[PDB]
Structure formats: C-alpha cells, structure tokens
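Peer 1: My questions will all concern the structure given below.
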Amino acid sequence: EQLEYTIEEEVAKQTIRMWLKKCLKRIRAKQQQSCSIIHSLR
Amino acid sequence: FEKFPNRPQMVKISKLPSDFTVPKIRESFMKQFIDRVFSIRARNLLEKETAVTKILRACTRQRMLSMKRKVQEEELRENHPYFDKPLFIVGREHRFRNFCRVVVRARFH
Amino acid sequence: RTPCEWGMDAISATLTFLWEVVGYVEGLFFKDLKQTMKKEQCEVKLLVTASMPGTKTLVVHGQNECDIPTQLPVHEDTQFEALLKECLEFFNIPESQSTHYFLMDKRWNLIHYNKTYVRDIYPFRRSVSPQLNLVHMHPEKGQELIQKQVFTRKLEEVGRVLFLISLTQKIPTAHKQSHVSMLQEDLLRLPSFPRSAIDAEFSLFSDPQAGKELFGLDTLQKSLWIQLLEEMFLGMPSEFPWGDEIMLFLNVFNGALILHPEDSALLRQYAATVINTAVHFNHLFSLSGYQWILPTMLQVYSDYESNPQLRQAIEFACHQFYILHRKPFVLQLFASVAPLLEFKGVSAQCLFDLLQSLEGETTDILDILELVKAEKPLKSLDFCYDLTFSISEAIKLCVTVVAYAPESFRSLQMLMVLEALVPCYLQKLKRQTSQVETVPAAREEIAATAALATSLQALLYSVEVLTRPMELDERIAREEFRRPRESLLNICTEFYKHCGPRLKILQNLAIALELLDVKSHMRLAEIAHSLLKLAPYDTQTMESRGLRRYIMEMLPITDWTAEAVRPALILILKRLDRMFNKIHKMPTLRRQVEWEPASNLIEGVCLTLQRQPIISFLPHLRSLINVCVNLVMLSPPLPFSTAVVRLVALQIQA
C-alpha cells in the first residue's frame, strides 16, 4: 500500500513536471532576453 | 554454577620474594591492561583553541578508524575457576584442544 | 520556507519556548517526529540529531548587477573563510581594502561568519545552489551584525538541546530504553556530532563589546550538552557493548572542561556526570574506561595549580573514583599520566600532590554528590573489596605490573611513573621526620624505608629478563631496549644515594638492615653490563644518564668489602677492559668514538678506587690500567688523559 501511494503521488507530480518544464522554458527565455538587455546596458 | 561461591582468578607471580604481598588484582584486568605557578598560559584563548583542535583531530581519526545470556556466560567464566574446561584437566587454552577443534570443525553447483 | 526579514529571529524565539510545551504532549514519539519532519524537510531546525548532505556548490554575485558570478565548490570541511578568499582573488580586490567585504545572503538577510562551515548553513542539497553576495561595508558594522546573528543562532541551538532533553525526559519508562538507544545511533551517524557539540567561536570571544554574552551562552550550551549525554547514558543497559566510539561521546565532556574549567557550576556538573557514568558502566570503567577521561582532568589539574577550588573539586572526584573502582582506577590513572610526565605536561609534583590528596578525606565544597544519581554512601562497586591507601601501595602496584610483563610498553610506563614518584616519597618521609621529631615518627620512617626496600628488591628480582643483551626501526628498537634499563638504574641509584647516608643519621637517634641484598646488587650490575655491551656502538647509550650515574655515583657507595658482592664489580671491570681492548684493536671504531663520556666512566672507576682501597688488589683491574695507558698512545684529548693519569696515581698509591 505504501508502494502504491508512492507511485500515485510520484506520477501526479510527474504530470505536473511537464507544465513546470514548459513554463520554465517560457520564463527562462524572457529572463535571458532581459539579461541580454542588461548586458547591453553594460 | 551459580549455586557454588564465586572465586575469580587473581594475579600471581612466582619469581618474587616471600615478603612481597603481591596485591590482589584480577587476572583479566592485568591481561587486557598489558595487551592494549602563574596560570595565565591556560586562560589564553589560543591554548584552548589548540586543545580543542587536538580533540577534534583525535575524533576525526577515530571516526576514520571506525545479550544478557552472553553477559552471564562471561560473568560465570570469570568468576569460576573451572568453566568451559572439559574433564577439569584438558585445559581451555591448550594446543591439543586447538588441534581437536580444528580437526572436528573442519568442513568444506 | 517563506523569506522574511525577521524569520530567523522568530524561529529563535519559538525555540526558546517550544521545550516548555513539549512536556505536555502525550503521544509524541521520536519515530513519528523524525518521519514527519523529514517529510516536511525542516528536521534540521528542530532536531540536533539531523543529518543532511549539504550543498555541493555555491554561486556568489559581485558588487555589480548581472556581472559574471562565480560558481565555487563546497566540500564537507570548507568554511566561509576560504570561499571569501577565493572571491577576493577572483574579483581583484586590493589587500588594503580586504577587510571591508563580507559574504551575505540577501534573500535570508544573513551575514556569514568566517569560521562557520558552509555545509551547516545550507544543508539542503537541491537543484538550486544558494545565491550569495559579496557586499562591502565598514568592518565595525559587519562585525556587529556577525555578533548579533551568531548570538541568535547559538540561542537557537540551545533551544534545540533543551527541546531534545525535555522530549527524552517526558516519555513512558517502558519505551525509554529503545528511544535512548535510537538517540545513540543517530548521534553516531552524524558526520559532525563532536564538532557541533565542542567547537566554539573563539575568534569572537575576544570582542569586548559582545564577547561576554557569547561566552555565557557557550557555557550554558556546554552544560546542556553534558546533561543530555548523561541522560542518554543512564537510559542505556548497563552492559552495552562499547568500542572505541565511546570516546566520541566522552570527549564531549572534555571539550567543556577545557573551555570552562574555572566555572564552579560547569565543573560540578562535569564531575557529577562522570561519576554517574562510571557507576552506570561499572564493567567498562572497571576495565579500560578511565583512559578517556583522566588525561584531560590531569592536564587541567596541573595547569590550574593556583585555583584551590578546581584542585579540590578534582581531588574529590578522584577520591570518589577510587572509592568506586579501587586498584584498576589507580593503574589506569598511572597509564593515563605516563605520556604527560615531564621529569606543557604533568610534573612529578602535581601527581604527587594528587596522590597526597587521595591519601586523605576531602570535603564536598561544591556539593557534587547532590547531582549524583546513586546511593549516597557510595560503597565499592566490586564486592571483593573500606580502606585508605598510601603511596607504598601504588609502588607495589607498579612493581607488580612490571613483574607481570617486564618486556612491555606498559611496564616501561610504570617504570617511568616509579622514577618520577620515588624521590617525592623520600622527600615526604624526610619532611615528616623534620617537622615532628618524635620517636614514633622515626619508627614509622624505618618501617616505610624497609617496605620500599623490599618492594624494590622484588622489582629487581622480577626484572631478570632485561639482563639479556642486545634506519628508524633501529632507533626505535634501541630506544625500547635502553629506556627501561636506564629507568631502573636511576630508581635504584637515587634510592641508595638518598637513603644510605640517611640511615646512619636517623639511627643516631635511639642495627642497620641491608637495603639491597647481594643478589640484587648482582642483578643491577648485570643490567649495567648488558647496557654497556651496546654502549660503544650507539652514541646515545654512551651518553645515557642512568648508566653514567650508576658507574660514577653508586659503585663508590656500595661496600665492596664482602666477597659475595665483589663479583658484581668484577663483571663491570671485565666489561670495561674488554670494551677498551676492542676500542684499541680496530681504529675504525676509534674514528667515531666519543671519549668525553668514557672519561666519566674512568672517573667513576677511580672514584671507587679512592673511596675503598681494598678494590686495588684484585687482578682484573691491572689489565684495564695497562690497556688504558696503551690507549693513551693519535692522542686522546685532555679530559681523558687527566683521568687516566689520576687512575695511575691512585693505583701507585694503593
């Protein structure tokens, strides 16, 4: 039962991780372009 | 064995005068023992720090280097003179006993 | 989790009080607490027995914004000092402006102390490394902030210790043992238990502004740690199988004593807890358990002679230790003190004073026994043994240990102890006779002298083994071979030289008994012979203080009138003859031979020849003279020639 519980929560957050990856991609792109802007400000 | 009185073995040395008392001390303890004005200085923080560092180094070295029935068994072995010695004459630490033990216990998809 | 300006302050405040609440929770068990905290990933802030692999690496930002940071590594034994040094090196900051920069965490508003381990502040090993900043500010403000934060964190740790103590105390007795057992295991699994319990911010105590408060917190924390360890020990079964790891716990006590020896309260607690542990682990401390505590106690005792309170406390503790474990305790004390004997170490006088204190009764100034959880009468732990001992008993014990295993390191240590102890005993006897001149004092002096003489005779009888004769390995071997012999010669020469003359003067008041029997003179002479046999090959044996003292300071004092004793002299004379014959035979040895000591040997020989002329008739000496004059002539320096000619003159006179 503890194994099945672990499996269930693990797979739930394994689904969440895909949304996490996509949003991380978007925000990393935005922030990296902002860091390029700041580099230009150098 | 518990019925009989306790009488642990004691240290005895033969090559000594007769006027030497040879104080009373257990044999096991001796066996394991052999086998193994101004105070300004110490108040300084530097000396305390050095001592603490020495203690810590010793602790690190030690870390790197690293039931009731059995306790009763050794207690009985220590207290009584003839325990584990078969037939009272064989000798618990005799070479021939080692030979017998090795030959008897010899064993071998 | 959530960043906040007053987060750690709030945590400290909460911890200062949590341990009062914990005493009223009914079904709070260690296992459940551990599992819950681990699942919440905040066990470190609550349980001192928490192990968390710290961050492998750290990222630090510089003065400017979006400038190239640095990604430095973090090991298990790296402090913020090395990290800051690397930051300064990378950022090209002049050494003149090197005391204004500090590493701080802007997110958590933490200013990092130089000597605090990095892995402790960032135990979480996540995907994200902590972000630090190299911020410049006035050194005074940085030091003030560091002091404040370390004070708060010390309070946090004190609260944690209190929490654990309270939790341990308030649990059902039936479940106590297993709980405390687990409390041991976790502590052993910690990579940083002893350091966390012992290490102190020494560099901050020097600060006049805020050092006093830090030092007070330190002593409180140390006391609490000692209490916690005592509680853990007393919860265990009395026959727990201990290895060397016991030290990891016992050493913690020492860490306190070194830091706060002068604090009455802490000293009292330390003494009481050590007594409790000794009583609880009767079997362990009766066998090999005082080798961990005693050396530090002796060091403090010797280093604080001017503190009568501390001295009295230590004496009382040792008296209780004796009343408990009797002779094994004395033997372990001698073993523990042997490495530190000087003759930055424990002097023979400090040891003598400690034994003197043990010879009598000491009052409980501090009321240590109040804290002792045992029977107040405090009878002997072993039923085998109500008596008080003297230095004579200790001498007997040393002699017995030597006799049991003469060829052993422990025998060497016991010999050293005897060499350090005997002269003090003699001086004590002399003083006792001096202050009080009454007849019974004299009688006791004779009796003590006789007892000591018998003891040393037994020693010399039982040390027959050493009579046998015979690059770093060679050095070690020679050292081991010669040290016991030197120590025996020193002991017996000093004994004879002191007492012998004293016997006549003492007997003047109100039948002189031979201090050393003929057999013992022969034994000592053949010891000296065995030592001389190697003496030309090794310079250090030639320079041996004990050999020289024997040859030139005891041979003149022994009365060679007795034909029974004479062979002991004949052996030495024959060995000197053969030795010098060899020295003359091959110049190869003569090239590197040192003659300043040999002059002292000849000086001893002619000192004997002067003190008693009866020696001179025996033939074996004539040859020694002849070769000697031959050896003179390729020219020995003056100090040898003078001795030779003086010997010749004495012979002519005789």
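The chains in the structure tokens are called A, B, ... from first to last as shown; in each chain the residues are counted from 1, and the ligands are counted from 1 in the order shown.
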So that each row is one residue of chain A with an atom at most 9 Å from chain C, can you give its shortest atom pair and the distance in Å to one decimal, using only C-alpha atoms, rows by chain and rising number, as JSON lines?
Peer 2:
{"residue": "A:35", "atom": "CA", "partner": "C:66", "partner_atom": "CA", "distance": 7.2}
{"residue": "A:38", "atom": "CA", "partner": "C:66", "partner_atom": "CA", "distance": 7.1}
{"residue": "A:39", "atom": "CA", "partner": "C:66", "partner_atom": "CA", "distance": 7.4}
{"residue": "A:42", "atom": "CA", "partner": "C:67", "partner_atom": "CA", "distance": 9.0}
Peer 1: Need to verify the contact set: residue 9 in chain B, 12 Å, only C-alpha atoms, exclusion of same-chain residues closer than 4 positions in sequence. Can you return it as a compact mmCIF listing (two decimals) with C-alpha atoms, in the first residue's frame?
Peer 2:
# COMPACT_ATOMS: atom_id res chain seq x y z
CA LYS B 24 45.05 -8.51 44.98
CA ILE B 25 44.05 -7.76 41.38
CA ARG B 26 42.07 -9.75 38.83
CA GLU B 27 43.91 -11.66 36.12
CA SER B 28 41.62 -10.49 33.32
CA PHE B 29 42.29 -6.83 34.12
CA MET B 30 46.05 -7.37 34.00
CA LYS B 31 45.78 -9.33 30.75
CA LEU B 76 30.42 -17.19 35.03
CA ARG B 77 33.64 -17.80 33.08
CA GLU B 78 35.43 -15.06 35.03
CA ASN B 79 34.00 -15.95 38.44
CA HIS B 80 34.51 -19.71 38.47
CA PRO B 81 37.93 -21.38 38.10
CA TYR B 82 36.86 -24.43 36.08
CA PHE B 83 34.34 -23.36 33.43
CA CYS C 384 35.75 -8.18 46.53
Peer 1: At a cut-off of 7 Å, which residues of chain B touch chain C? Count only C-alpha atoms and give the answer as an MDAnalysis selection string.
Peer 2: chainID B and resid 13 15:17 20 22:23 29 34 37:39 42 45 48:49 52 56 59
Peer 1: Put those residues in a file: C-alpha atoms, as a short mmCIF file (atom, residue, chain, number, x, y, z; two decimals), in the first residue's frame.
Peer 2:
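Generated file (again36.cif):
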data_model
loop_
_atom_site.label_atom_id
_atom_site.label_comp_id
_atom_site.auth_asym_id
_atom_site.auth_seq_id
_atom_site.Cartn_x
_atom_site.Cartn_y
_atom_site.Cartn_z
CA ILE B 13 53.85 -14.11 40.18
CA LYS B 15 59.65 -15.14 40.80
CA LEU B 16 59.35 -12.83 43.80
CA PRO B 17 60.48 -12.81 47.45
CA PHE B 20 56.22 -9.21 48.84
CA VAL B 22 51.60 -9.11 45.55
CA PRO B 23 48.42 -7.00 45.89
CA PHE B 29 42.29 -6.83 34.12
CA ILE B 34 49.12 -5.37 29.13
CA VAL B 37 52.83 28.80 39.09
CA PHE B 38 51.02 31.58 37.24
CA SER B 39 48.03 30.14 35.35
CA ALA B 42 45.99 28.22 30.05
CA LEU B 45 42.06 31.64 24.04
CA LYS B 48 42.08 26.47 24.46
CA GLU B 49 41.65 26.60 20.68
CA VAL B 52 40.01 21.79 21.09
CA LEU B 56 38.66 17.32 17.08
CA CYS B 59 37.75 12.44 16.98
#
Peer 1: Going by DSSP on the backbone, which residues of range 9-224 of chain C come out as strand (DSSP E or B)? List them as a ChimeraX atom specification.
Peer 2: /C:57-61,70-73,79,101-105,110-111,117,131-136
Peer 1: Using C-alpha atoms, can you export the residues from the last selection as a PDB file, in the first residue's frame?
Peer 2:
ATOM      1  CA  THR C  57      28.447  24.031  -4.872  1.00  0.00           C
ATOM      2  CA  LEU C  58      27.669  27.690  -4.217  1.00  0.00           C
ATOM      3  CA  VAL C  59      27.054  30.676  -6.507  1.00  0.00           C
ATOM      4  CA  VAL C  60      28.218  34.147  -5.447  1.00  0.00           C
ATOM      5  CA  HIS C  61      27.450  37.515  -7.070  1.00  0.00           C
ATOM      6  CA  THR C  70      31.348  32.659  -9.618  1.00  0.00           C
ATOM      7  CA  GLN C  71      30.324  29.027  -9.120  1.00  0.00           C
ATOM      8  CA  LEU C  72      32.625  27.652  -6.416  1.00  0.00           C
ATOM      9  CA  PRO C  73      32.734  24.141  -4.930  1.00  0.00           C
ATOM     10  CA  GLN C  79      34.426  27.271   5.881  1.00  0.00           C
ATOM     11  CA  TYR C 101      33.968  42.773   2.140  1.00  0.00           C
ATOM     12  CA  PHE C 102      31.650  40.113   3.564  1.00  0.00           C
ATOM     13  CA  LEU C 103      29.614  37.286   2.065  1.00  0.00           C
ATOM     14  CA  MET C 104      25.916  37.645   2.861  1.00  0.00           C
ATOM     15  CA  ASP C 105      22.635  36.097   1.723  1.00  0.00           C
ATOM     16  CA  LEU C 110      22.275  36.557   6.726  1.00  0.00           C
ATOM     17  CA  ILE C 111      25.827  37.861   7.113  1.00  0.00           C
ATOM     18  CA  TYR C 117      31.113  25.656   7.999  1.00  0.00           C
ATOM     19  CA  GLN C 131      22.899  32.689  -4.017  1.00  0.00           C
ATOM     20  CA  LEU C 132      25.398  34.757  -2.020  1.00  0.00           C
ATOM     21  CA  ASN C 133      26.564  38.352  -2.447  1.00  0.00           C
ATOM     22  CA  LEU C 134      29.970  39.939  -1.825  1.00  0.00           C
ATOM     23  CA  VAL C 135      28.863  43.148  -0.094  1.00  0.00           C
ATOM     24  CA  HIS C 136      31.221  45.924   1.010  1.00  0.00           C
TER      25      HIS C 136
END
Peer 1: In range 150-295 of chain C, what's helix (DSSP H, G or I) per DSSP? Answer as an MDAnalysis selection string?
Peer 2: chainID C and resid 150:169 173:189 193:198 202:205 211:234 246:259 264:280 282:285 294:295
Peer 1: Give me, as a tab-separated table (two decimals) with N, CA and C atoms, in the first residue's frame, all polymer residues having an atom no more than 6 Å from range 477-489 of chain C, counting only C-alpha atoms and skipping those fewer than 4 positions away in the same chain.
Peer 2:
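Okay, this is what ended up in selection_22.tsv:
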chain	number	residue	atom	x	y	z
C	412	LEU	N	57.24	-0.22	30.76
C	412	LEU	CA	58.05	0.98	30.62
C	412	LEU	C	57.36	2.18	31.26
C	493	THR	N	69.81	3.78	41.96
C	493	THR	CA	70.87	4.68	42.38
C	493	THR	C	70.34	5.82	43.23
C	546	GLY	N	71.52	7.43	33.05
C	546	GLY	CA	71.42	6.41	34.09
C	546	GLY	C	72.64	5.53	34.18
Peer 1: Using only C-alpha atoms for the distances, tell me which of C:495, C:82, C:293, C:509 is nearest to residue 441 in chain C.
Peer 2: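 That would be C:509, the residue with the smallest distance to residue 441 in chain C.
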Peer 1: How far is it from CA of residue 234 in chain C to CA of residue 281 in chain C, in Å with one decimal?
Peer 2: 9.0 Å
